[PDB]
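Using ideal geometry, Cβ is built from the backbone for each residue, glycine included, and neighbour counts are taken over all protein chains shown. Derivation of every value follows stated rules applied to the coordinates shown; laboratory data play no part.
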2 protein chains.
Amino acid sequence: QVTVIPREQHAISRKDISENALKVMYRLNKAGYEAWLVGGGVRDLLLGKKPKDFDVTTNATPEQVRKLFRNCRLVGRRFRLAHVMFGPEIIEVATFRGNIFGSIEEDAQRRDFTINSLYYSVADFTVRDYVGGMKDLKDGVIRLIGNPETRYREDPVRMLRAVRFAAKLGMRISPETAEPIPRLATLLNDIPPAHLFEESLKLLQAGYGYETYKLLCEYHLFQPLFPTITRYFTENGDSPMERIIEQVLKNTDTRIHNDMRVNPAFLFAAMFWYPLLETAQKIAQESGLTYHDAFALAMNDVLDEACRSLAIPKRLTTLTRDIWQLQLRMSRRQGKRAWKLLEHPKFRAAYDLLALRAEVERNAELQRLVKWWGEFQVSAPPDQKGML
Amino acid sequence: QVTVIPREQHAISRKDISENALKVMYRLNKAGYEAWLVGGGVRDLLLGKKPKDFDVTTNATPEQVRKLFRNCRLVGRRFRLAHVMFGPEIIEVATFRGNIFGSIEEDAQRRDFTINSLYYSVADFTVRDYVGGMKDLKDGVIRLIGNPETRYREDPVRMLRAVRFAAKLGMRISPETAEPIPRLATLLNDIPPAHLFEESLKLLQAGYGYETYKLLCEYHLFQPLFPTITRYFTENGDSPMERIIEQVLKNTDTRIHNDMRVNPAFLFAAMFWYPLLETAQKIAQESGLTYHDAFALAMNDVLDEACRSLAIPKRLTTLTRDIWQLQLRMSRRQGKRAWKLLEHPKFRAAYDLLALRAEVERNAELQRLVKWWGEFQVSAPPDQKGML
Ligand SMILES: Nc1ncnc2c1ncn2[C@@H]1O[C@H](COP(=O)(O)OP(=O)(O)OP(=O)(O)O)[C@@H](O)[C@H]1O
Ligand SMILES: Nc1ncnc2c1ncn2[C@@H]1O[C@H](COP(=O)(O)OP(=O)(O)OP(=O)(O)O)[C@@H](O)[C@H]1O
Ligand SMILES: [Mg+2]
Ligand SMILES: [Mg+2]
């Protein structure tokens, strides 16, 4: 066991790569308090990679952190957890937990995985490893802290994170930490649909999506969240839907790394697409009615029972509804309303759906619609007229 | 002589084709006042075309009008000139004029042209013509009301309007009303650049642009407004900049007849492009700077001067500058920095300008950055990945 690591044996974790939350600790260290830098970035820093967050912890009570910062711009409460604002840098200052407020060692144990529970002191350039941490981090092991069996039951979402980190970094899950998941997965439905929604995005809409999907399928974690989707999987391995999902992911992923923004209302409208389509079939031949009105029903239901697991905000769903709406409208080769359409705020997305539907189905008559809209949108108004 | 023309013999401008701003005349009529429809609409109505606006006039004091609508959603200010709201519909309710105000006849006179001073009462289905009005409308004639000479001097913009209706509707300008213009044209430099901007857009940005520039040039009214451009015309008639101003207008026009949002900041960057391309090259040699630094000065220069004539909003100038800047970046066959660009809020307009530049210069070098950016902008991140 090795509880304190020195700056000379610890990957340099050079004081200078820490931005200036250093101003936030220095203030504490000066006041007779303790300043530690915990979790995310402190992991990354040891890895060599650039921190995305910088969060800190202290033996200073929350009302004590209030006085020592009353002059600062402290953004919004929470319990414990204080929020300092620079601007485009916000720094989280949280008090150690234990009866309620305790020691550094105490705080370490209530944290989830090993590597995400390493601590840095600007004051002594030492990192504290009350857990496997350092080794896990070297060996590339996502390990949980207490008794997996119990933790996952206390907070089931702890399971989701295990995969998420597993995918993000090149790491594998500890056996003990992995055993329980497939069995305990179902536990996710005792989770408020909203919290889920957050984590669904943390997983896919985070630029790892594809590797995190493989991992969510290999642990039966995908099913609880997207019932409406698992059901249309096939033995064969790659149905139109089973490809599209891999693609919209792989791509949303490329986007996020070339730093482009991304539409979640898209991501979803893509996956559920085929399911919607399938419900259009049954809705039509059965309960025989028009294919427009039929489609429109499939929407409400598919979105209903999907919104039954993930809590999608009314905002998103409504763009989604539009992305699908456009799929029918575009299909009907026609004239003057193409300006009306080209203008639509969700066209860009809607074109990128048609993009995929044509790539996956390899339906040459679709890609055909894809070249046309392709040119009719980069073309200039004299040509755009002639195209009709 | 023939001052009152009845529902049957007058193009039946039919009570049915008046938006329910009838409900506002009705209150007026019921209340002992009379209330008439004027100009904009009544003109189009007699021409058959759908009005774009309905403005009522009454012999009620602006005071009497204020009171008889208290219950209503009446939007504020403006001597005389009262305003009432519904939905997307606003109804303009101004009082006659003539100490200050008076007879329906006394009002017919302070109005700029003969057509735009026809009057309609729903209460008797007659239209009152106290000017050439009816005949002129039949004939296709824009004819200022009193003495052109004096009036233009009273309000020089009356000249611009005159030329605008001339191109919008399909009709010719009255001899008596055309003579004074080429002479008196300069008078516009006395007018606050504010009004000129306003009216500059009613001329080119209402989708009559091309025809309204065939006139603005053929009556030397163009010059007072756009000094910076006038200067660069070539007797040839076929310079790149001259072709560009044609096309951009022809196109802005198309955009408007197909209900597509149009951008003002684009319009301008398009015209002044070549005057900007010129002032840059002259700043390049005359003073041995780098081109990138040279260009940027030229931007300031062209703007200040145009700003000297048209009060162009600090808003639109920013966008413009950017649309231009983008033209430097889209030039370099850029690497992974292109994702950032694709994202720019203006990229569509910057593209649309590379579009024209390539078409008018009839340059193949440019015509390639067009074909390229056309694909790189509709492709998928897989494909797009590769292109780079
Ligand atoms: N419900 C919970 N139970 C126990 N510990 C928790 C819980 N929620 C958060 N934590 C702790 O918070 C820390 C994670 O912080 P945060 O949520 O900002 O993500 P992170 O570790 O920075 O993730 P990333 O590696 O993606 O940056 C972990 O060390 C974890 O132990
Ligand atoms: N400064 C002015 N001097 C004299 N008359 C004016 C003045 N400003 C406006 N008018 C009168 O207002 C009427 C025009 O109304 P408005 O400004 O709504 O345009 P419009 O005639 O409806 O144009 P359009 O044909 O484009 O619809 C004209 O009949 C004109 O005589
Ligand atoms: Mg946290
Ligand atoms: Mg008006």
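A few remarks follow.
- Cut-off 12 Å (backbone N to label point 7 Å along Cα→Cβ of residue A:383), residues of region B:354-375: B:355-356, B:358-359, B:367-375
- Shape call, region A:93-190: gyration tensor on alpha carbons, a/c limit 1.5: oblate
- Using only side-chain charges placed at the Cβ, +1 for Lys and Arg and -1 for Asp and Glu, the dipole size of region A:141-388 relative to its Cα centre rounds to 820 debye.
- Taking the number of Cβ atoms within 10 Å of each Cβ as an exposure proxy, the fewest-first ranking of A:379, A:117 is A:379, A:117.
- Of the residues A:150, A:370, A:170, the one whose Cα sits farthest towards the positive end of the charge dipole of region A:141-388 is A:370 (charges of +1 on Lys and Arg Cβ, -1 on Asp and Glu Cβ, taken about the Cα centre).
- Within chain B, percent of DSSP bridges classed antiparallel, to nearest 5: 75
- Antiparallel DSSP beta bridges within the protein assembly as shown, as percent of all bridges there, nearest 5: 75
- Exposure proxy shown here: for B:331, A:174, B:200, the number of other Cβ atoms within 10 Å sets the order, fewest to most, as B:331, A:174, B:200.
- Checking the cross-link pairs A:23/A:49; B:282/B:336; A:52/B:336; A:250/A:371 against a 25 Å limit on the alpha carbon distance flags B:282/B:336 as lying beyond it.
- Considering only A:236, A:384, B:62, the residue lying farthest towards the positive end of the dipole of the protein assembly as shown is B:62, judged by Cα position with unit charges set on Cβ.
- Hydrodynamic radius of chain A by the Kirkwood approach over all distinct alpha-carbon pairs: 23.9 Å.
- Rg to Rh quotient for region B:290-388, alpha carbon positions, Kirkwood Rh: 1.02
- Neighbour-limited loop hits for trypsin sites (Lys or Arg not before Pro), region B:229-317 (at most 13 other Cβ within 10 Å; DSSP other than H, G, I, E, B): B:231, B:261
- With N counted as the residues of the protein assembly as shown, its alpha-carbon radius of gyration over 2.2 N^0.38 Å works out to 1.26.
- Loop-located GluC sites (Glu not before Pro) in region A:235-289 (DSSP state not H, G, I, E or B) with no more than 10 neighbouring Cβ atoms inside 10 Å: A:235, A:286.
- Charges were assigned to the Cβ only: +1 to each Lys and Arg, -1 to each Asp and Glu. The resulting dipole of region A:124-248 about its Cα centre is roughly 160 debye.
- The calculated 222 nm mean residue ellipticity attributable to helices in the protein assembly as shown amounts to -15000 deg cm²/dmol, summing -39500 (n - 2.57) over DSSP H runs of n ≥ 4 and dividing by all residues.
- Going from the fewest other Cβ atoms within 10 Å to the most, the residues A:291, B:130, B:208 appear in the order A:291, B:130, B:208.
- Placing +1 on the Cβ of every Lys and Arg and -1 on the Cβ of every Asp and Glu, with no other charges, gives the protein assembly as shown a dipole of roughly 1000 debye about its Cα centre.
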